[PDB]
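A.B. asks: Let me give you the structure first, and then I'll get to my questions.
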Amino acid sequence: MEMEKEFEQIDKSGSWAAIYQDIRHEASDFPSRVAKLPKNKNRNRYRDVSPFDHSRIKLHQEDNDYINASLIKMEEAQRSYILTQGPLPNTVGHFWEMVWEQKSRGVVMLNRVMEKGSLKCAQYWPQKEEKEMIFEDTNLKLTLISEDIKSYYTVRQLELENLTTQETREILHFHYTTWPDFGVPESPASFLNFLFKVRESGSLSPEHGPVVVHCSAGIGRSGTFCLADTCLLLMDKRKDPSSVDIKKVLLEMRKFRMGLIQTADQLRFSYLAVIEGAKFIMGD
Ligand SMILES: CCNc1ccc(C(=O)O)cc1
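Heads up, the sequence shown is in the entry's author numbering, so the first residue is 1 and it goes up one at a time.
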């Protein structure tokens, strides 16, 4: 079923809450035993959001290999993503270790450091060129190189140095700064513009490690970004683009990380972004 017809039918019937609960009911349930070990309690932002054991990213250290991050491998689309929580004061060094070890080119951040008057993640990158950050626990240095501030997003170039070997890499930080404190954006136009800026950078391409994507918990906004990207890629690739089923792509993604897409509005909005994306590409 052409998803815009499916969309109009769910909208006119006001059944978004019913479709969303059906997804919640069919979603995979896998063990998360490492996440729940007592030694890991201060590495988790939220008690009810944990990576599955089978898909968790392992840090390359014998001490404690745990970070709250998941590899989402989309086989038919040929895209991988790492979805993670916003870093905590005591996990900023682990975050940048993971970026280094997984060979990522890009970091995609979909939240503000403060929202609704509370801290949603640590200030994990330098705000001035001349004040670099040193992470003594993982032996890394991070420097701001340049900053490009636009109306809906900011792009930063960062230099990450492994102080152990003195190798350096350029990381691109893509920061979506305008997602509202409550609900979802009214139009998907600025979110699609942002997605195409990430794609244009090389950050999502197979010559690099997987892109790192986060919001506060790493499931809601983060889930929207990777679901919209994967659905548009499948429409480009397949002979029958009308066969792309957004609900089936979401269930496949939920085999790798729990709770992706947190509300019926986020589902409805994910449908909105994919529909608007399919016509910009038909070049109406
Ligand atoms: C036949 C109705 N459904 C679709 C039409 C065109 C495309 C596309 O060319 O991206 C995707 C779906």
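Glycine included, every Cβ here is placed at the ideal spot set by N, Cα and C.
Would you kindly work out how many angstroms separate the C-alpha atoms of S50 and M258, rounded to a whole number?
C.D. replies: Here residue 50 is taken as the residue at index 50 of the sequence shown, counted from 1. Here residue 258 is taken as the residue at index 258 of the sequence shown, counted from 1. If you take the alpha carbons of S50 and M258, they lie about 7 Å apart.
A.B. asks: Do the CB positions of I145 and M98 come within less than 8 Å of each other?
C.D. replies: Along the sequence shown, read from residue 1 onward, the residue named residue 145 stands at position 145. Along the sequence shown, read from residue 1 onward, the residue named residue 98 stands at position 98. No. Outside cutoff.
A.B. asks: Hey, would you say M253 sits closer than 8 Å to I19, going by beta carbons?
C.D. replies: Taking the sequence shown and counting its residues from 1, the one referred to as residue 253 is at position 253. Taking the sequence shown and counting its residues from 1, the one referred to as residue 19 is at position 19. In this structure, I19 does not lie closer than 8 Å to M253 by Cβ.
A.B. asks: Label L37 either buried or exposed according to how many other C-beta atoms from any shown protein chain fall within 10 Å of its C-beta, with 16 as the threshold for buried.
C.D. replies: In the sequence shown, counting from the first residue as 1, residue 37 sits at position 37. By the neighbour-count rule (16 or more Cβ atoms within 10 Å), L37 is not buried but exposed.
A.B. asks: Do you know whose CA, among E167, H208, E62, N111, lies nearest residue 329's CA?
C.D. replies: Missing from the structure shown is residue 329; the chain here goes from 1 to 284 and no further.
A.B. asks: Taking 7 Å as the cut-off, is the CB of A278 close to at least one heavy atom of ligand 1?
C.D. replies: Reading the sequence shown from its first residue, position 278 is the one you call residue 278. Yes, since a heavy atom of ligand 1 falls inside the 7 Å radius drawn around the Cβ of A278.
A.B. asks: Provide the residue span of the alpha helix (DSSP H) that contains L204, from first to last.
C.D. replies: Along the sequence shown, read from residue 1 onward, the residue named residue 204 stands at position 204. Counting along the chain, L204 falls outside any alpha helix (DSSP H), and DSSP gives it neither H nor E.
A.B. asks: Buried or exposed for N42, please, with buried defined as at least 16 other CB atoms from any protein chain shown within 10 angstroms of its CB.
C.D. replies: Looking up residue 42 in the sequence shown gives position 42. Exposed is the call here.
A.B. asks: May I ask you to list the residues that DSSP assigns as paired with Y271?
C.D. replies: The residue given as residue 271 occupies position 271 in the sequence shown. None, per the DSSP bridge assignment.
A.B. asks: Compute the minimum distance between the beta carbon of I19 and the heavy atoms of ligand 2, and state whether it is under 7 Å.
C.D. replies: No copy of ligand 2 occurs in the structure displayed; its ligands are ligand 1 alone.
A.B. asks: Under the three-state reduction of DSSP, which class applies to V108: helix, strand or coil?
C.D. replies: Counting from 1 along the sequence shown, the entry for residue 108 is found at position 108. Of the three classes helix, strand and coil, the one that applies to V108 here is strand, per DSSP.
A.B. asks: Helix, strand or coil, according to DSSP, for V213 in the structure here?
C.D. replies: Start at 1 with the first residue of the sequence shown, and residue 213 comes out as number 213. Strand at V213.
A.B. asks: Looking only at its chain, what residues have a beta carbon closer than 8 Å to the beta carbon of residue 285, apart from the 5 residues adjacent to it on each side?
C.D. replies: Examination of residue 285 is not possible in this model, given that the chain is present from 1 through 284 alone.
A.B. asks: What distance in whole Å lies between the Cβ atoms of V34 and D53, which are believed to be in contact at a cut-off of 8 Å?
C.D. replies: Within the sequence shown, numbered from 1, the residue matching residue 53 stands at position 53. Within the sequence shown, numbered from 1, the residue matching residue 34 stands at position 34. About 6 Å separates the two Cβ atoms, so the contact holds.
A.B. asks: Thinking just about the alpha-carbon of each residue, which of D11, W16, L233 is nearest to the one in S205?
C.D. replies: Counting from 1 along the sequence shown, the entry for residue 205 is found at position 205. For the residues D11, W16, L233, the minimum Cα distance to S205 belongs to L233.
A.B. asks: Does ligand 1 have even one heavy atom less than 7 Å from the beta-carbon of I281?
C.D. replies: Here residue 281 refers to the residue found at position 281 when the sequence shown is read from its first residue. Flag set: Cβ of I281 near ligand 1.
A.B. asks: Quick check: does the Cβ of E132 come within less than 7 Å of any heavy atom belonging to ligand 1?
C.D. replies: Within the sequence shown, residue 132 is the residue found at index 132, counting from 1. Result no, Cβ not under 7 Å from ligand 1.
A.B. asks: Does the beta-carbon of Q266 have 16 or more other beta-carbons within 10 angstroms, so that it is buried, or is it exposed?
C.D. replies: Stepping through the sequence shown from its first residue, residue 266 is reached at position 266. Per the 10 Å Cβ criterion, buried.
A.B. asks: Suppose you measure from the CA of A264 to the CA of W96; what does that come to, to the nearest Å?
C.D. replies: Within the sequence shown, residue 264 is the residue found at index 264, counting from 1. Within the sequence shown, residue 96 is the residue found at index 96, counting from 1. So the two alpha carbons sit approximately 33 Å from each other.
A.B. asks: Could you say which of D240, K120, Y152, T164 lies nearest to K141 if we only look at CA atoms?
C.D. replies: For the purposes of this step, residue 141 is taken as residue 141 along the sequence shown, with counting starting at 1. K141 has its Cα closest to that of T164, out of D240, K120, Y152, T164.
A.B. asks: Mapping DSSP to helix, strand and coil, what is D236?
C.D. replies: Position 236 of the sequence shown, counted from the start, is the residue given in the question as residue 236. If DSSP states are grouped into helix, strand and coil, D236 belongs with the helices.
A.B. asks: What residues are listed by DSSP as bridge partners for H94?
C.D. replies: For the purposes of this step, residue 94 is taken as the residue at position 94 of the sequence shown. The partner list for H94 (beta bridge, DSSP) is empty, contrary to what the question assumes.
A.B. asks: Report yes if the C-beta of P89 is less than 7 Å from at least one heavy atom of ligand 1; otherwise report no.
C.D. replies: Position 89 of the sequence shown holds residue 89. No, ligand 1 has no heavy atom inside 7 Å of this Cβ.
A.B. asks: Closest by CA to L227, which one among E115, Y81, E170, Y46?
C.D. replies: Locating residue 227 in the sequence shown gives position 227, counting from the first residue. Checking every option, the nearest Cα to that of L227 belongs to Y81.
A.B. asks: Mapping the DSSP letters down to three states, classify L160 as helix, strand or coil.
C.D. replies: Locating residue 160 in the sequence shown gives position 160, where the first residue counts as 1. Note: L160 maps to strand in three-state DSSP.
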